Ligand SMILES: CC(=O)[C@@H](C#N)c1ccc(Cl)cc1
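Before any questions on how it binds or moves, here is one chain, the form deposited without this ligand, in structure tokens.
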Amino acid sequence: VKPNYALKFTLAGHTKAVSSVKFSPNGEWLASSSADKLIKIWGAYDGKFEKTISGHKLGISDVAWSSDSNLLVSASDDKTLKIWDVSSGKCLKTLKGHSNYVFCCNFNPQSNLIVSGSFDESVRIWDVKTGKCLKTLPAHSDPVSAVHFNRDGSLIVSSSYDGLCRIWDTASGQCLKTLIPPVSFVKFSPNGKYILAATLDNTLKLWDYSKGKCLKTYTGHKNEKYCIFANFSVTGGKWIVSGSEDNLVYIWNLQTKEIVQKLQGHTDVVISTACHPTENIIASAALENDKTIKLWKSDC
């Protein structure tokens, strides 16, 4: 069994590199963030442009959705995070506290908290309703590349250029685990039992974090420079999805670690990929020489 992702739509509009693409939890929309200091909303099934959301002073590195698909959070080079209302396209709150570029962001499953990672080497926890910083973790000794809440929002996994992956207890802020090349990306598996981490040695690793053991190694793609998003594709077959510095989207069989598909269409590094929550749909976004988002669909 191999997927059969076919190109369906190209979403053009951004004037600079696209940095992140995310599908809304309700499966209706796609949000994109860009180096052009803009956020664009698009139809998840048709690629139809919906809205442009502006406010950030410098380029946006990440964007994330609240659980109810009504809010977005963005991480910008202006050292801030902005909570937006997706309906109005208006900035509700501006999260101030980080001393350098905010690189990554995420809401918790409840969507009452926001986790953020920055070049200031820290991980911050914010309250959505008040826009206040609740906890400032001295998480790492190099820029924080990724931050993610687990299934119940009880754990935060962070990664950094220091070469470490840290698992943190949300309410206490304590470090529960440090997993021992720069770590460019990290996230929990949908069940929260595993973590998928990318390193800048062209490698993806599936870890059982509590046991502190790497279970699977995924390679064949190019990744030595960029913090490329990787995903678990679960709607059909079980795949690992990731962009690559060779302008392809890579798809691996989760069990065999074999490459099953390489999606060709982008003219620059594929910085971000997202998997639709209910359909076999992949969104891919590329850098400066491309600036487009592509939507691909499959049987499995």
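Note that residue numbering follows the sequence shown and begins at 1.
One more form of this protein, solved in complex with this ligand, exists but is not displayed; see below.
Shown here without its ligand, the chain is overlaid with this ligand as it sits in the deposited complex; no ligand atom lies within 2.4 Å of a backbone or C-beta atom, and the site is open.
Here the chain stands by itself, but in the deposited complex one stretch of 191-199, 131-139, 84-92, 165-173, 191-199, has heavy atoms within 4.5 Å of this ligand. Of the residues given (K238, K262, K57, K51), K238 alone sits with a heavy atom within 4.5 Å of this ligand in the deposited complex. This ligand is not shown here, but in the deposited complex it comes within 4.5 Å of a heavy atom of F232. For the chain shown alone, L254 is a contact residue for this ligand in the deposited complex, at least one non-hydrogen atom being within 4.5 angstroms.
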